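Residues per chain, in single letters:
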12 protein chains.
Amino acid sequence: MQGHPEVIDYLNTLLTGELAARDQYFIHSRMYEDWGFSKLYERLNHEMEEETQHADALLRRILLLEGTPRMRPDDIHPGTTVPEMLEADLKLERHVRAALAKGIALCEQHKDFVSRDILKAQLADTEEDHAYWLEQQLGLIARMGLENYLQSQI
Amino acid sequence: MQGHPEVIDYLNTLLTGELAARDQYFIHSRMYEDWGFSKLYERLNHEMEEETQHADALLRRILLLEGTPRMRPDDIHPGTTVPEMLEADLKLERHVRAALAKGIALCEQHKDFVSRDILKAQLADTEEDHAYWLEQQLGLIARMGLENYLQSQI
Amino acid sequence: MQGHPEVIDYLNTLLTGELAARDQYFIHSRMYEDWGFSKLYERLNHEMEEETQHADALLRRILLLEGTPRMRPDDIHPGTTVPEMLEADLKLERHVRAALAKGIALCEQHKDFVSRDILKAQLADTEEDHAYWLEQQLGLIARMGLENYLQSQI
Amino acid sequence: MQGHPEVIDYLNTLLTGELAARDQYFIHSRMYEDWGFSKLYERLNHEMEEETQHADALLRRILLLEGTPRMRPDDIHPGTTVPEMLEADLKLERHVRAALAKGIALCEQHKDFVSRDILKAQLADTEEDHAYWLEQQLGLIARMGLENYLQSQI
Amino acid sequence: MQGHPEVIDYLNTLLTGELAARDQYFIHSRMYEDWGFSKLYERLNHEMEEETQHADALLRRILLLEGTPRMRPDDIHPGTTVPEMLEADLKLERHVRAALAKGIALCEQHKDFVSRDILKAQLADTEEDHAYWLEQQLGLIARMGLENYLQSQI
Amino acid sequence: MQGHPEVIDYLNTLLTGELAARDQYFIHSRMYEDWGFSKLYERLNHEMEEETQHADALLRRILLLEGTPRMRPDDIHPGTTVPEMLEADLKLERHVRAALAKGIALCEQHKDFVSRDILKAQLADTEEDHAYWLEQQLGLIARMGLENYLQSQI
Amino acid sequence: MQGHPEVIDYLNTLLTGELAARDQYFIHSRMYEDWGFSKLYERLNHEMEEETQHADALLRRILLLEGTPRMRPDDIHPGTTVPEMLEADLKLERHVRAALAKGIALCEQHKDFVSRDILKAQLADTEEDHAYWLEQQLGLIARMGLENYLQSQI
Amino acid sequence: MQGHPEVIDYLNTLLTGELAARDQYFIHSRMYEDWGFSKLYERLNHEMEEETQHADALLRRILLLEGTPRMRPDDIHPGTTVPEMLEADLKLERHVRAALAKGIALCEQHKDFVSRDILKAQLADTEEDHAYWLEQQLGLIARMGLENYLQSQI
Amino acid sequence: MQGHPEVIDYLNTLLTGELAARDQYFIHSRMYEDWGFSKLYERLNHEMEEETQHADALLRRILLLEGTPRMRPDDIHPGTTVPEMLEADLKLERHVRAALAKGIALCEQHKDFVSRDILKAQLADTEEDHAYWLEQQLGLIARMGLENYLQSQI
Amino acid sequence: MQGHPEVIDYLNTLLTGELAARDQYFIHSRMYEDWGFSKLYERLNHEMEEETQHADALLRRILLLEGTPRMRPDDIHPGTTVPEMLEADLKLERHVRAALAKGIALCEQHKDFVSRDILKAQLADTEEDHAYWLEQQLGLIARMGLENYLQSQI
Amino acid sequence: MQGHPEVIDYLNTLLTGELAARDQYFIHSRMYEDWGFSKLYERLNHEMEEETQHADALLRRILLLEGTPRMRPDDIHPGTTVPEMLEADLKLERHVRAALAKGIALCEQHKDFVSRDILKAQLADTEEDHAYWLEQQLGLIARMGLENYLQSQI
Amino acid sequence: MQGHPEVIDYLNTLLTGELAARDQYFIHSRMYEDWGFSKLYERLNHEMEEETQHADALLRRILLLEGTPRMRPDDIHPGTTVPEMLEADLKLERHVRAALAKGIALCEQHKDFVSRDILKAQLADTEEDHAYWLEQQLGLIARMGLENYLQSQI
Ligand code: NA
Ligand code: NA
Ligand code: NA
Ligand code: NA
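Residues numbered from 1 in each chain as written, not as in the entry; some residues may be left out. Chains lettered and ligands numbered in written order. Part of a larger assembly, values for the part shown. Heavy atoms only, no water. Residues with missing side-chain atoms left out of burial classes, pairs and counts.

For this coordinate set, the PDB header names X-ray crystallography as the determination method and states a resolution of 1.9500 Å.

Here's what the structure looks like:
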């Protein structure tokens, strides 16, 4: 189907944003595992899987709309300590949420309601799972101290 | 059956007290879950379910006695921190225990032994489950510190 | 996440509206059961469960958005006869439908698409299940008479 | 064990009252079945079984207390039409409720708390099952007419 | 195979008659369901399925005979009340029965015995299931009144 | 419920469009089967089933909104060769997509968000299943030739 | 039973026609298998089995009617190439269809309705299975070329 | 449905003929069993069951056609020896075959093709099961002698 | 919870009475087993288990009420012959029954209805199981002689 | 463990090469699926999974060696037609094979035999699965023509 | 087979190194268990099992090569506190890694590729399991403190 | 892939060496079976299977490397007595071990690490299974005498 060139170009932006989010969760999960925090490894591995699915859905939609997917991920900036990693992931999800909301409005204005529903589902995922979960971890650290919290993630 | 108007009016008091206790456990459980304390979420969710059952039993008994149930819950005052929430729940159960004991005596004086047995069962629930469990948590905090304790509730 | 104060305040309005709808279905179901209409008991009990779920979803969303949930239900006005109860439930669902539609528009204007999707799901529930079912009952009464209809609900 | 002669004599009164209630439910169930109301047959047959159990519990308790059980049932007055039968059963349960409450007080005054707990259980049965159920039937008749109601009991 | 042009043209008439009968049972079933008569919904839904199968068999036979199927359904006239709907369905089946019998004779005269056996099977369906069932409903209404009958269809 | 007369009238337009799409997939599937292309038969039969479900959902929604469904399908124009059939189906889905998008906007303007969500689901079906699948077939023909492609559909 | 000598003589004609059709499908199936077309082997083997059943039914019917079955098959003319074989089978089924239709009329005129129903079943088999299937194959060849088609029959 | 008065009257003739055939197989089966021929008992019992089914189908068809079934069986003439019984059954089936064939023609002339198909099925039963089986027995007697044959039926 | 010091002190009395009853059933069961009376061993072992449960319930209740349990059992006086043992157990249960009844009244006067319900359950156990069973044994001895009775307990 | 800085830097090169190979197989698989070649989709999806595993193994090894993984994939150049895609994948695997062999020698020279064994396993995967499979496809195209080959990949 | 005397002598060195590593993990596991750290017990017990397997593989290989295995373990130096034990195990694995790498080079120079592959497998075990796991524990201690960490090992 | 002509030529040497080893184990196994030594038959049959697998792996690798496999086995020299056969197999495995080691070095020098890993696996098989097992047999003969040993192989 012939998609609107502005919608396609912006799905491509969301796509390279998701490819990056996938890769950031990729390296953070494996860093957590290397340090011996299996529960953090599991959760970030799950986020990596979810982003891979999001990227897949964008990519296929771009093809259906007869676009050419942009496959270069955005630049990533991983943490080097547990606090920096959590902060880097907090920045990432805030960014994806903001980009998605813009795409949601763009889709409405070009009357691409199906592309829009795809983005709204990804936004729900980003808020109610990624952001929600990350905020939980930050709050736990605040309530019990970093050491107690990291103990609980072994 | 025609219940004694004083018994009915007091079951209504207990009823609006239980509707409130249900709603307080409702908001506390969901607050604990939002902060990432799944074990506290589970336990307060269970207390919410038990209060809903207590309210149901009162409500049906009021109807059998040909009363009109009062469905407005009492005012609730939830905590905003884990310590305040535990204190608010401690105050609540002390109050329900006191109200139940009064109703138990009232039922005896109007020779409504069945209504009385219902209240005695609810009182046993309130003491041996809610109060007992809450006291356990307070004692644990006292023995290991708030941080260690909250860690154990993740 | 920091939700828009107008969205939060209005979810709170919807929340205290759902807590009320839950309690009205609560008392109506138990009244129908007391009179011996098990089929009406079952259906209103189901509506009570669904409203409890709706309230739960609002409450959690308010917390995720860093609001403070308002836990006092709105005032309820239950019927005293089967005809009044059905009329009271008809008024309730019309009201919830109207409040939801307003919230749906409000969410769009503050670009809270996830809160908006939650409300649209609740609206679909309210129309296609509660309103639809209640209209069916009223129509049946109209087609066969109140006595025949109540017989069928035993 | 040596029971108090006043408690024993009154358990005997309750006993001959239960033997009668058993026999009244006995004849009413079989009358309903003869007329083709299987649902009324089933329910009165169940009440007959429950009264037989109540009588059994009284009888054994009288023996444990070294009394001699009085085995003659009280006089019964069954109906001859469905309305009279329901009225006769309504009178019966009102009577058993009143006799039980008196025995409950008598047991307390002679410090026979175990005999008292037996009576309180029978009273709960009499109110929440027999009386409650019978009131339901009367209300149904009032709401839909005798003919519609009897149709529903086939 | 080269079918006789008169047989083909008449199968097309039967075909557009069946497409219509399908659509009339389609709207009547959904109307009955909307009003809360699940038993009528089920039965008309079944008739809709059977007509869809009849149309399918005609359509395929027309293709085997190297005809071009006419896919526009005949005009339909649904009822707006339960009595009108039953009357509309009574008129429909009388019409299909009459058209089928004519086609059965036509097939015999052009020595298309296989097309004829197809029509005889559809006629048996139309008489012994649709017509028979509809007549049963009309008779029931006549014997017990419309209100009692509609009660039984909930 | 009282639906907005403009929404109802337009659901009726979508409805008669779906009844047609159902019938076009109906005749195309059976034509493909007659020629011996079982894989095309299966897929078009599936599309026919999906359109029947779409029509059903519109029809019921029109009834809930207290409209009168229009049951005459739109005119259809089936192909006579495999290339014409694929082209006719390509034109059909383009048309349904365009009509749905218009209805989606209309529903928003009359604040019928539930009717709107129904249409958005049907649009997703039409794009991601029907249009997507049909485009795949056209592309395959282009890449391997019509003869090779039809061989693969036996 | 004493069958009409004209019916018996004509069942014998149909019988020796079926014995032949069996033998032609016999040799064609085995020729297709020898050349490596297993799918054609399977289908012609099935037709051979069906003709054997048809011959069996005729033979037994001739015996029940106290006739003497004629067991010599008609002359057969098998193809030597795939195109000739398909043409020979096309000629065969056209012939059996024509002979059956004549027998169907003959049976009616001698009031042998049971013999007639047997022939009508065989005719349905011959048209809707053998002729239909063979026409499908010819059409496929026409749409994709002989080479592509034979590839698909391996 | 309004059946043709001549068809109805003749189904009634067939009906009282089947009620008789049922009763003749009834007494013959039980006579064979009394004499110790269990295999003859089983087979005639089966024929009795089949005739009961035939009578049932006629009876229901007469009712659907708004006739009044004639329930008096025709006169029967059972045998008193095995040879007479077999002869009586041979006469019976010849008679039913003749009556059915006449009804089959009558149904065709009044365009009652469904009634006609019912009779053709019964005729097939009568020829291919009853007549065929009875002829087999007579032939066996002829080939091995009555004594050997009766031995084989124990 | 802060229990009333008089209730706590008296639960302690009941507690040291139960610890003793446990130990007396402990030694009697093992004495019966040593002499070869397995049935008496089993029954006294069961009573020992029940008393251990009673002591456990008192002990935990004392802790919930923030008392300090008194863990020294009362003095016990076991028998040395089967008759003395039965007499010692008869004296024990009479004593526990008397102490429990006093505690039941004490609990009522201090409005500790939950502690009271615990004691009433223990009293029911003591009367209907221990006392009842022991009286049965004494009666059996009286009816059949000590030798016959002891034979039956092997 | 402290890895040799030259080994770490080169694993990083292999790592960003694998992240790229993963992404190229990612887009090619989804392109093949969009065009309707499910068998090519499956195979490239499998290669994408295998590269993701290879990248994971490199990444973890880099962490164990106390390096910092480089997470930016190398530039990719996907095809736009089936022939270009196959050529792009042929170039990719030739490149990965060459880079791996160099790393294998480098690992040996720095006596990192474990890192070396990891690379040798990846090389075996790249040759015996990816390269081997791709060469097979190219050869098939050469032997049967592009059209026949693409037909076989549907 | 006649192994090279230098390879044999060095496998013997590796062998007495593994016998020691086995014994050190032996005493450390049992020390951890004695102190109540079951998770450390399990892991060191596993390492002891793995070293026993490594020693077994060396020993058998030495025999196949017609050497005489040296069975005296190297001297071990276990810790006396958790920190010293972890340090002693860190020193051990560093030593085994260094000895293995030397043997790997020695095997290559004497063209004993099978002995070399055995050592490379043991080295992979030593790095990716023992060293990796031990480093994880040290890092955890560093991130959460020794007390928190030891708590997690109970 | 384009393999190095020296590697290919040497894999061909190894290949014709394996084809021979297969054939020698082939004839020895069958000779042992003919003489009644089933245990020797089983073991040599297993070696034959393993060599066939080795030859297969070489052959396929030669094809992947775009070589032409040499399929003539090397000359074999089987024994004629059990002692000569064991000696012939001892010579064979010594030869294959020597040829493999040379190929392993050759592969390294041409940087064909995958071909090299294949050879190292075959060498491990040859040493640890074939050579090891054969040496065991020779040693057994030496320890118990040829007669005792052959007895054990029946
Ligand atoms: Na801690
Ligand atoms: Na009625
Ligand atoms: Na081709
Ligand atoms: Na004989």
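The rest of the description comes next.
**Things to note about the UniProt feature "binding site: Fe(3+) E" in chain A**
Residue and element names in this part refer to chain A. For clarity, the threshold we go by: UniProt positions are given in the numbering used here, feature names are shortened, and annotations may be inferred rather than shown by experiment. Strands are runs of DSSP state E lasting at least 2 residues, helices are runs of H or I lasting at least 4, and numbering of each runs from the N terminus. Residue contacts are counted whenever heavy atoms from the two residues lie within 4.5 Å of one another.
In this numbering, the UniProt entry assigns the feature "binding site: Fe(3+) E" to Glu50 and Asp129. With the annotated positions falling across 80 residues, the maximum pairwise C-alpha distance of 10.0 Å places them together in a single cluster. Tracing the sequence through the fold places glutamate 50 in helix α2 (residues 38-64). Relative to the helices and strands, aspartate 129 resides in helix α4 (residues 113-144). Leave out the neighbours within four places in its chain, and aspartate 129 touches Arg43, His46, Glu50 and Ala124.

**Structural notes on the interface of chain K and chain L**
Cut-off, in case you're wondering: Summed over both partners, the accessible area lost on bringing two parts together, with a 1.4 Å probe, is the buried area. Note on definitions: salt bridges are taken to be side-chain nitrogens of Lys or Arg within 4 Å of carboxyl oxygens of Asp or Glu. Pairing of N or O atoms within 3.5 Å defines a polar contact, subject to two protein rules: one partner must be a possible hydrogen donor and the other a possible acceptor, and residues neighboring in sequence count only if both atoms are side-chain atoms.
Contact residues are listed per partner, giving 10 residues for chain K and 12 residues for chain L. Summing both partners gives a buried area of about 950 Å² for chain K against chain L, and 56% of it is carried by carbon and sulfur. Among the residues of chain K in contact with chain L, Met1(K), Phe113(K) and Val114(K) are the three that bury the most area, contributing 57% of the side total. For the pair chain K and chain L, the interface holds four salt bridges. Across the pair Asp117(K) and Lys120(L) runs a salt bridge whose closest N-O atoms are separated by 2.9 Å. Along the contact surface separating chain K from chain L lie five residue pairs in polar contact. At the level of secondary structure, the elements contributing two or more residues to the side of chain K that touches chain L comprise α2 (38-64) and α4 (113-144) of chain K.

**A short note on the interface of chain J and chain A**
By a widespread convention, an interface's size corresponds to the accessible area lost as its parts come together. What counts, and what does not: In this count, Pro and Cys sit with the nonpolar residues alongside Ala, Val, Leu, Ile, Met, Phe, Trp and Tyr, while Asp, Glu, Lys and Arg are called charged and the others, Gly among them, polar.
Between chain J and chain A, the contact holds 23 residues from the first and 23 residues from the second. Run the count over chain J and chain A and you get four salt bridges. Between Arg30(A) and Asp56(J) there is a salt bridge; the shortest N-O distance is 2.9 Å. Here chain J and chain A share six residue pairs in polar contact between them. Put simply, the parts of the chain that give the side of chain J that touches chain A at least two residues each are α1 (5-35) and α2 (38-64) of chain J. Of the residues assigned to the side of chain J that touches chain A, the class counts are 13 nonpolar, one polar and nine charged.

**Digging into the pattern of salt bridges**
Basically, it comes down to this: Burial classes: relative accessible area under 20% of the type maximum marks a residue as buried, over 50% as exposed, and values in between as partly exposed (1.4 Å probe, protein chains only).
For the structure on display, the rule yields 156 salt bridges over all chains. Across the salt bridge formed by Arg22(C) and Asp23(C), the nearest N and O atoms sit 2.9 Å from each other. For the pair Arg22(C) and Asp23(C), a shared accessibility class is recorded, and that class is buried. Bridged by salt links that share partners, the residues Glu108(A), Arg116(A), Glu108(C), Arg116(C), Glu108(F) and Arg116(F) form one connected network.

**Notes on a negative patch on the surface**
Residues and elements named next belong to chain D. Rule in force here: Nonpolar side chains (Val, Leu, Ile, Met, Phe, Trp, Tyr) are joined into patches within 5 Å and like charges within 9 Å, using only residues with over 30% relative accessible area and no salt bridge. The Shrake-Rupley method, run with a 1.4 Å probe sphere, supplies the accessible areas, and residue values consider only the shown protein chains as cover. A residue counts as positive if it is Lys or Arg and as negative if it is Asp or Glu; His and the chain ends are not included. Here the site of a charge means atom NZ of a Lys, CZ of an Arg, CG of an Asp or CD of a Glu.
On the surface, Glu33, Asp34, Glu42 and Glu49 cluster together into a patch of negative charge. Among the secondary structure elements, those contributing two or more residues to the negative patch are α1 (5-35) and α2 (38-64). Residue class for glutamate 42 comes out partly exposed when judged on its relative accessible area of 48%.

**Some words on the relation of the copies chain J and chain A**
Here is the rule: Overlaid copies: least-squares superposition on C-alpha atoms.
Each copy superposes on the other: chain J lies on chain A with an RMSD of 0.0 Å after a rotation of 180° and an axial shift of 0.0 Å. The transformation just described matches what one would write down for a two-fold rotation axis. Taking C-alpha positions as the reference, the residue of chain J nearest the rotation axis is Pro73(J), at 4.0 Å. A share of 100% of the interface residues of chain J reappears at the interface of chain A, consistent with the copies meeting face to face through the same patch.

**What to know about helix α3 (residues 82-109) of chain L**
Applied cut-off: Expected helix span is taken as 1.5 Å per residue step, with the number of steps being one fewer than the number of residues.
The end-to-end C-alpha distance of α3(L), which contains 28 residues, comes to 41 Å, matching closely the 40 Å that a straight helix rising 1.5 Å per residue would cover. Of the residues flanking the end of α3(L), it is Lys111(L), one or two places downstream, whose phi is positive at about 50°.

**Section: the relation of the copies chain K and chain L**
For the pair chain K and chain L, the best superposition has an RMSD of 0.0 Å and corresponds to a rotation of 120° with a translation of 0.0 Å parallel to the axis. These values place the two chain copies in the arrangement generated by a three-fold rotation axis. Taking C-alpha positions as reference, the residue of chain K nearest the rotation axis is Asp117(K), located at 5.8 Å. Interface residue correspondence from chain K to chain L reaches only 10%, placing this contact among heterologous pairings that use different surfaces.

**Considerations on the packing of aromatic side chains**
Note the following rule: Aromatic rings from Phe, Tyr and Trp, taking only the six-membered ring of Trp, are treated as a pair when their centres fall within 6.5 Å; an angle between ring planes under 30 degrees marks them as stacked, one over 60 as edge-to-face, and anything in between as tilted. Criterion for a charge above a ring: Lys NZ or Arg CZ within 6 Å of the ring centre, and within 35 degrees of the ring normal.
Inspection of every chain in the model, using the stated rule, returns zero aromatic pairs over all chains. Above the plane of the ring of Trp133(G) lies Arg43(G), whose end atom (NZ or CZ) is 4.5 Å from the centre.

**Overview of the coordination of the sodium ion (ligand 2)**
Rules: Note: metal donors comprise N, O and S atoms at 2.8 Å or less from the metal (3.2 Å for Na, K and Ca); water molecules are not included, so apparent gaps in a site are possible.
Protein coordination at the sodium ion (ligand 2): the donors are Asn148(C) (OD1), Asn148(D) (OD1) and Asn148(E) (OD1), at 2.6 Å from the metal. Taken as a pair, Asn148(D) in helix α5 (residues 146-151) and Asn148(E) in helix α5 (residues 146-151) lie in two separate chains rather than in one.

**Regarding the state of the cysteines**
How we decide: Note on terminology: pairs of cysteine sulfur atoms within 2.5 Å are recorded as disulfides.
Per the stated rule, a full pass over the model turns up zero disulfides over all chains. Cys107(A) carries a free sulfur, and the closest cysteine sulfur to it, the one in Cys107(C), is 19 Å from it. Residue classification places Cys107(A) among the buried residues on the basis of a relative accessible area of 2%.

**Regarding the packing of helix α1 (residues 5-35) of chain C against helix α4 (residues 113-144) of chain C**
Each pair of packed helices can be summarised by the angle the axes make with each other and by the distance between the axes. All names here are of chain C. Cut-off, in case you're wondering: Comment: axis = line fitted to C-alpha atoms, over the contacting stretch for helices; angle = value between 0 and 180 degrees taken between N-to-C directions. Should an angle fall under 35 degrees it is called roughly parallel, over 145 degrees roughly antiparallel, and 65 to 115 degrees roughly perpendicular, with every other angle called oblique. Helix crossings fall into two classes, left-handed where the near helix is turned counterclockwise from the far one by less than a right angle and right-handed where it is turned clockwise.
Packing of α1 against α4 leaves a shortest axis separation of 12 Å and a crossing angle of 25°. Regarding the angle of α1 to α4, the classification is roughly parallel. The two elements α1 and α4 cross, and the hand of that crossing is left-handed. Where α1 abuts α4, its residues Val7, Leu11, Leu14, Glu18 and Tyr25 lie against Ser115, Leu119, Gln122 and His130. Across the contact of α1 with α4, the residue classes break down as five nonpolar, three polar and one charged.

**A word on the packing of helix α3 (residues 82-109) of chain D against helix α4 (residues 113-144) of chain D**
Residue and element names in this part refer to chain D. The interhelical angle for the contact between α3 and α4, taken along N-to-C directions, is 160°, at an axis separation of 9 Å. As summarised for this structure, α3 and α4 are arranged roughly antiparallel, according to the angle between their axes. Crossing handedness for the pair α3 and α4: left-handed. Looking at the contact of α3 with α4 residue by residue, the classes come out as 14 nonpolar, four polar and seven charged.

**Quick word on empty space enclosed by the protein**
Unoccupied space between atoms shows up once a probe the size of one water molecule is rolled over them. Just so we agree on the cut-off: Here a cavity is any set of points on a 1 Å grid over the protein atoms alone where a 1.4 Å probe fits but cannot get out, and a pocket is any open set with protein on both sides within 12 Å along at least 5 of 7 lines; a residue lines the site when it has an atom within 4 Å of a point. Grid points are joined across faces, edges and corners, and a volume is the space filled by probe spheres set on the points.
Reported here for the largest cavity is a volume of approximately 70 Å³. If you go around the largest cavity, the residues you meet are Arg116(B), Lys120(B), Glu108(D), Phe113(D), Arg116(D), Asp117(D), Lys120(D), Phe113(I), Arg116(I), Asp117(I) and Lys120(I). Listing elements by their share of the lining of the largest cavity, those giving two or more residues are α4 (113-144) of chain B, α4 of chain D together with α4 (113-144) of chain I. Within the lining of the largest cavity, the residues separate by chemical class into two nonpolar, no polar and nine charged.

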